[PDB]
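If you read the protein sequences in the order shown, they are chains A, A', B and B'. A prime marks a further copy of an entry chain. Mind the numbering: the first sequence is residues 4 to 20, 30 to 372 in the deposited numbering, read in order. Mind the numbering: the second sequence is residues 4 to 20, 30 to 372 in the deposited numbering, read in order. Mind the numbering: the third sequence is residues 4 to 20, 30 to 372 in the deposited numbering, read in order. Mind the numbering: the fourth sequence is residues 4 to 20, 30 to 372 in the deposited numbering, read in order. Quick reminder that beta carbons are idealized off the backbone N, C-alpha and C, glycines included. What follows is one structure encoded as structure tokens, with my remarks underneath.
Number of protein chains: 4
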Amino acid sequence: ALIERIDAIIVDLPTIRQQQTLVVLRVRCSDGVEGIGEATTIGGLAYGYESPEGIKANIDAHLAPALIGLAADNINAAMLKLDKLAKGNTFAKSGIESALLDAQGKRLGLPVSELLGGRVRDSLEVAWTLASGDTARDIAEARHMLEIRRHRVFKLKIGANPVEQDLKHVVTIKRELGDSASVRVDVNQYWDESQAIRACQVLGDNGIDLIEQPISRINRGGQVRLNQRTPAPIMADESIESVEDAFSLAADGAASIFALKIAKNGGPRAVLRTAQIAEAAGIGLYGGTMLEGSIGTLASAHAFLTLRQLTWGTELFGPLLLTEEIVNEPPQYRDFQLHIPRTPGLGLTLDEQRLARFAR
Amino acid sequence: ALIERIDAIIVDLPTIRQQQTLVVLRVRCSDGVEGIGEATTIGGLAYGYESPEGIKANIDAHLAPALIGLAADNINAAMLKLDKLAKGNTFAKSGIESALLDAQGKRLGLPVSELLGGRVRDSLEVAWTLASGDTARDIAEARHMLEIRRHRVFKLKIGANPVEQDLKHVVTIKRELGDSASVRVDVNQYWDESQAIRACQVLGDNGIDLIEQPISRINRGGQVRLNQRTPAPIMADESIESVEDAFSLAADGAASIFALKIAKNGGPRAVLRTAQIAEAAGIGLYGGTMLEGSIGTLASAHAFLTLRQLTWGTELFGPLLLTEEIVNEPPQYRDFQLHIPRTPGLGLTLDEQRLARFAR
Amino acid sequence: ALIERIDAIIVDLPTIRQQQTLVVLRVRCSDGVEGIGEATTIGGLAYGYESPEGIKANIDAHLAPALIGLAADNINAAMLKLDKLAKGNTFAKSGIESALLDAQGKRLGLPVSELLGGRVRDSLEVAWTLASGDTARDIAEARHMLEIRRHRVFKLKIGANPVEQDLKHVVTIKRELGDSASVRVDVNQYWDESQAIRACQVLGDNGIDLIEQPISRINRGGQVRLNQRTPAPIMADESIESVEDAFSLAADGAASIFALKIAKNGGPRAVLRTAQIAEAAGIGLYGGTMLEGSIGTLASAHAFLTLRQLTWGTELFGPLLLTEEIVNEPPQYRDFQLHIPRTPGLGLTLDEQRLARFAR
Amino acid sequence: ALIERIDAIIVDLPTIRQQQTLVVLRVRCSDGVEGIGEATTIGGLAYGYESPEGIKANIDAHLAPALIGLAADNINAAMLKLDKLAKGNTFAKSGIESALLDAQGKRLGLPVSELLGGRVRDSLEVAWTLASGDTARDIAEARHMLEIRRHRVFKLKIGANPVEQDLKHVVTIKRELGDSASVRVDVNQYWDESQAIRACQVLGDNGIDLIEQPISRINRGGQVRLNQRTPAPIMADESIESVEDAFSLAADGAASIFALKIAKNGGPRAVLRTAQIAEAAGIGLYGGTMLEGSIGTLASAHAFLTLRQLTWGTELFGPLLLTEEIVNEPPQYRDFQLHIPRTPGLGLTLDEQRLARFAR
Ligand SMILES: [Mn+2]
Ligand SMILES: [Mn+2]
Ligand SMILES: [Mn+2]
Ligand SMILES: [Mn+2]
């Protein structure tokens, strides 16, 4: 089977929060099998180098033409060719690798997790981000998610308000939930090391389970110091923009936990290279997301199912924020987890009608 | 006297806990003197590279034939020959060295401790592992051991249950016993560094005296960080798989205490090389065990008697877990210690009847 | 006073080599002043994250909209706003900053070099890359460039062929040229550390003045080792993808010379921050290029004129490779140097006809 | 679908040198598909912890029983189970993984290289070890191998004789061969750092391309020092006894080249994890061997075909030393390379008669 055509479609979907843009890839092979992938990011260029528009432009002008005519079943050769021709562009590469694995799974009749070696579990613990901004509303939401047994691990995005304000807000939530839930924070590189010194202490002292990316990736030394001094473990996220960054952080002792994102590494197979490095170093894992819809979520999920251990769970809740999707199969979230079927490929099929309706 | 024959016998003994397998070595010398040694491990291949079956196979096919015909009284030459021919295989080497020292002690009429240079004590403090799994039962057992003056230092094996559960269990035990007993934990490499960060703090804050091998030996940097940050001292155990590993950990500042096991180093003389390195570096000592019966326990004991200081005592309680033994002389445990006689060799003789009954 | 509109045009120009694609920026201000900039790369995505297509897509969709309406005379505020909304995208940022500086300089009647502080020189030494592939042809071209006094510093791009082959080629050229020219090589990350060990030694012992980016930026430790052991100075180029990378490299001692490129840093002002960091660390400087045409070449030059010292000269020969240009004023190359006028802005005007002709 | 039975057979085959012992694994699956693997070492226990005897003993007693009944198509789950129950035992693990991969490839009709992701080449450069001991004889054998175009890369095993004697021998061979062949040496941990200091210098100055494992793995600091000072690149072989060792060596900068052996890592998939770590650190690669016959050689080869680059080729000449083999298909050595077919599995079938004949 040869790769015949690759299409990159920008889709804007309404969210419960007010819109999420995804780049849906469709790779059609000569044997009639089609694979689907997703390259999605948050806020244009605010959370990475690649925007939806840039991703589509590069796929159309550079990445896709390099693949037309190649064997669809030799994913390693195709991805290595992209590395040779394109520097970075991990989101685009991720969408493409996801589609090739999907097409390959359908072709062989195996779920992507089995193509990657075999799953050691069928479900993944899923965290939820509390985003009402209001403390009372956040505790109310958390208590609801617990009641319906959908989530018991909650993440709080902070760093935008005065430190003292964010600290009170987080400590209040953990204090009210007590031992019923795990509370973590994500600072998204918003603090400088001078602010993180005291903030990490207060959070660690008040039962916050982990602190994700407290300071900017440009401060390597600061990450190493906080890794050694913060009472709560430090998780690296934005500090990882490639597999090679993961080796560097591991060699430096810059974090005790790595967030694994297929978009930041370059696909399901690339994220596994980063996970393996973390494993060889004794670094804990967490399955991250870029707020992908079901396609990217499932592609992440399929790689995470093969991991020996994910000490801190995952935040694969992306599909839950969308009011509408472009696939026919809704994800199964129940009993604090995301359940992944043993269907061929990613186990998803496009809803041609909603796709046409939301595509640009 | 020449080494004439070496036999490796696998023996399965019932335990009070449900079976322990030992590899008993019998080295017969041309002068009619026989030496006995033991090569024992825990759980097949779960706690090391060598299993009872592999140990016997290698002794029979490789190690023993290299020794037949050599002088029984030149232990250094015999052991150096084994190092030249065999990589690793420390458990097998340990059993063999133990038997040669036993035979040499009987021949010269000296206890093995005197062959090793001379004892500075006749008894060793012995810790006890609380293994009921149940907190109330563990406190009850500990109080009994204290009452009968058999043990006042207790070890708790953790790491298999959720961290929070193991922490509550340990803190409850220390809280109830108070200053009447020393409470320590052994995590057996079960935690990753991200989990150990908070767990070590809680344990150190609640009176746990030391934390044995909290994380995997593959994470050297993590051991160094915990050595500098944990409130309770960190003891290395599985991180030591050879004398050379001990030098490496000492040079790195990876632990402030080393567990000394003859099986992991290669015998009573090898364990002394590791102890000497620890001494030159200012690292504290602890006499460890692989749950050996009286033979291996006594061989460990004889080397430990020559040490200037063992700040943390020993856990030479192996014989106490066996319902039946294959030696005639039962070990003397009284007043929190194991008492070692000044009889030739290891001071033990095989019970031919029970040996035949439990051998495979 | 206000930025009214920003246009990003892709232009394909013919080279002496084959085309070269430029992204010409035209910023129109409310006061009638227009500024021009250039964002140019090499080989689509083979030499960087940004392609001409992705650059235009991002400018039109995200960057330009963030600038419309802002004061055209407050460049610091404009660029800081872009850093807040966009991660990376240094090529696009460089093109935009260059245009704003051009407009501001025309507005105050000052060359960009004066806006940046004040020039300390009026011309820059310019190197030339011998790229025929044929040793004899290269020596001939070099002899000619020397004859007409256009260049006396030559750079050989190597790494694509077997090591001994590239080494022979390079050593032969330096042997034939002797003390007449400075010969340098750029390996463009093509060797791994194991190949670079012997190659750097041979090159250094045969009169090669500096070795540019011998290994990949992913291998930080290798750069630090080569920096201490190479007989010829090591220059970092691709290892610098941001000003923060420059700080990191300096702190580590990964190179004794930094190549300065406005495109890899984010503009003329950004390149000065990197140059300042190098100066504070005692690191040597070299004026680099991404093969820009006159607009980009002049924007680099204006920044380079304010530097105290550029120990290794520059390679601002980009305009010399183009057969057609889109500006009215051709660069003044004479006596081994590039001469920069003291006219307002960049001192360039767009040839509207040729622009329309090569614009795609 | 299910692993029904696993057989471990010790086979003694005649070499051109004397015998070579292999442990042939035969895994039978419920669907009638059988997979074959090989766990081979050199010199009993002289070159590793596992002997043919210990390997068979452990497979029969511990490893095989843990696999019976498990899905034959979920190799990741099977191997992770083995890691949980058994420490080390990489040779036995490698043999088992190779057989499961062979079975799975025959089952899906794909060569193992495709199961592992996809090959990027169809043949591998193969080195040859000159082992006559006689300098003149070695030069003759080398000239011949060059004549018939079978090998052009030669490796000399040294370290057993006085240094100046081995140095003379090696330098003479390279002098006589000149630019015609690449000459390398493997010291097999025979020198201590004090001897290696001058030897590495002499070898490097006389055209030796790489120096493999000059000193013992116990001396980590010495490897780091030799890695910075040796004029010829240092390759780690014995220092790698697990994938985690590879990470450690890379983090420390102890070698610029890693020898890859499926037997020392735990199988074809394990060797890829080590290769990935090396790639992320910028470390060069070489395909190593433990002198396996065709089964083991092909299992290594299939993994090596997926690698982006093997800067230093391979030494997969194992089959060439055997006069008799236990498979029906003899390896395709031609034009300095080993050619690998695109047939299912390993592409090998057991010659039941010869197997029965040499089986012990
Ligand atoms: Mn995050
Ligand atoms: Mn222990
Ligand atoms: Mn360059
Ligand atoms: Mn070797």
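(request) Could you tell me the distance, in whole angstroms, from the CA atom of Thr309 of chain A to the CA atom of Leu328 of chain A? (result) 6 Å
(request) Look up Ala282 of chain B in the DSSP assignment and give the residues it is bridged to. (result) In DSSP, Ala282 of chain B forms no bridge with anything.
(request) Taking only the alpha-carbon atoms, compute the straight-line gap between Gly330 of chain B and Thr18 of chain B and give it to the nearest angstrom. (result) 10 Å
(request) Note the first and the last residue of the continuous beta strand (DSSP E) segment covering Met247 of chain A. (result) Note, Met247 of chain A: beta strand (DSSP E), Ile246 to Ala248.
(request) Measure the C-alpha to C-alpha separation of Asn88 of chain A and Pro123 of chain A and round it to an integer number of angstroms. (result) 18 Å
(request) Mind checking the segment 221-246 of chain B against chain A and listing, in chain order, the residues whose C-beta falls within less than 9 Å of any C-beta there? (result) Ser228, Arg229, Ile230, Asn231, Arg232 and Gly233
(message) Please state the DSSP three-state secondary structure of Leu362 of chain A'.
(response) strand
(message) Taking DSSP's pairing of strands, which residues face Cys41 of chain A' in a bridge?
(response) By DSSP's assignment, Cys41 of chain A' forms a beta bridge with A':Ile6.
(request) Identify, in the order they occur along the chain, each residue of the same chain with its Cβ nearer than 7 Å to the Cβ of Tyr59 of chain B, setting aside the five sequence neighbours on each side. (result) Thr53
(message) Are there any heavy atoms of ligand 5 lying less than 8 Å away from the beta-carbon of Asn200 of chain B, as far as the coordinates show?
(response) As far as ligands go, the structure on display features ligand 1, ligand 2, ligand 3 and ligand 4 and does not contain ligand 5.
(message) Less than 9 Å between the C-beta atoms of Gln213 of chain A and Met247 of chain A, yes or no?
(response) no
(message) Would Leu79 of chain B and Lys93 of chain B be called neighbours here (beta carbons separated by less than 9 Å)?
(response) yes
(request) Establish whether the CB of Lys169 of chain A' and some CB of chain B' are separated by less than 9 Å. (result) Taking Cβ atoms only, chain B' never reaches closer than 9 Å to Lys169 of chain A', which makes this a no.
(message) Between which residues of its own chain and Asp217 of chain B' is the CB-CB distance below 8 Å, once the five residues before and five after are set aside?
(response) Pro243
(request) Within the segment 51-119 of chain A', note down every full alpha helix (DSSP H) run reaching 4 residues or more, in order along the chain. (result) 64-70, 76-79 and 87-97
(message) Check this for me: beta carbons of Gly107 of chain A and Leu37 of chain A, under 9 Å apart or not?
(response) Yes, they are a contact pair.
(message) Once the 5 residues before and after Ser135 of chain B are set aside, which same chain residues still bring their CB inside 7 Å of it?
(response) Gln349, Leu350, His351 and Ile352
(message) What does the alpha-carbon distance come out to for the pair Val165 of chain A and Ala139 of chain A?
(response) 5 Å
(request) Pull up the DSSP beta-bridge partners for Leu297 of chain A, would you. (result) Per DSSP, A:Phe270.
(message) Which residue marks the beginning of the beta strand (DSSP E) containing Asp198 of chain A', and which one marks its end?
(response) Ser194 to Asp198
(request) With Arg346 of chain A as the anchor, note down where its beta strand (DSSP E) starts and where it stops. (result) First-last of the beta strand (DSSP E) with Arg346 of chain A: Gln344 to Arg346.
(message) Considering only their Cβ atoms, is the gap separating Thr102 of chain A from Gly299 of chain A smaller than 9 Å?
(response) no
(request) Return the bridge partner residues of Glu224 of chain A from the DSSP annotation. (result) In DSSP, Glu224 of chain A forms a bridge with A:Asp198 and A:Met247.
(message) Quick test of your reading: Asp15 of chain A' and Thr33 of chain A', contact by CB under 8 Å. State the CB separation rounded to the nearest angstrom.
(response) Beta-carbon to beta-carbon, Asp15 of chain A' and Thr33 of chain A' are separated by about 5 Å, close enough to satisfy the 8 Å threshold.
(message) To the nearest angstrom, how far is the alpha carbon of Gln235 of chain B' from that of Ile252 of chain B'?
(response) 13 Å
(message) Which of the three DSSP states is assigned to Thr355 of chain A' in this structure?
(response) Coil.
(message) For ligand 1, is there any heavy atom lying closer than 8 Å to the beta carbon of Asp249 of chain A?
(response) yes
(message) For the segment 289-306 of chain B against the segment 335-350 of chain B, do three or more pairs of beta-carbon atoms, one drawn from each stretch, fall closer than 8 Å, so that the two count as touching?
(response) yes
(request) Please confirm if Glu256 of chain A has its CB atom under 9 Å from at least one CB of chain B. (result) yes
(request) Could you tell me whether any non-hydrogen atom of ligand 2 is closer than 8 Å to the CB of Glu327 of chain B'? (result) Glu327 of chain B' Cβ: outside cutoff for every heavy atom of ligand 2.
(message) Closer than 8 Å between beta carbons: that is the criterion. Which residues of the segment 277-302 of chain A meet it against chain A'?
(response) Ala292, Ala293, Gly294, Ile295 and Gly296
(request) From the DSSP output, in three-state form, read off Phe166 of chain A' for me. (result) strand
(request) Using three-state DSSP, classify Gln31 of chain B as helix, strand or coil. (result) strand
(message) Run through chain B' and tell me which residues come within less than 9 Å of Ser260 of chain A', C-beta to C-beta.
(response) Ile230 and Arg232
(message) Any heavy atom of ligand 4 inside 8 Å of the beta-carbon of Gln213 of chain B?
(response) no
(request) Let me know if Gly294 of chain B comes out buried or exposed under the rule of 16 or more other beta-carbons within 10 Å of its beta-carbon. (result) With fewer than 16 other CB atoms across the displayed protein chains lying within 10 angstroms of its CB, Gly294 of chain B is exposed.
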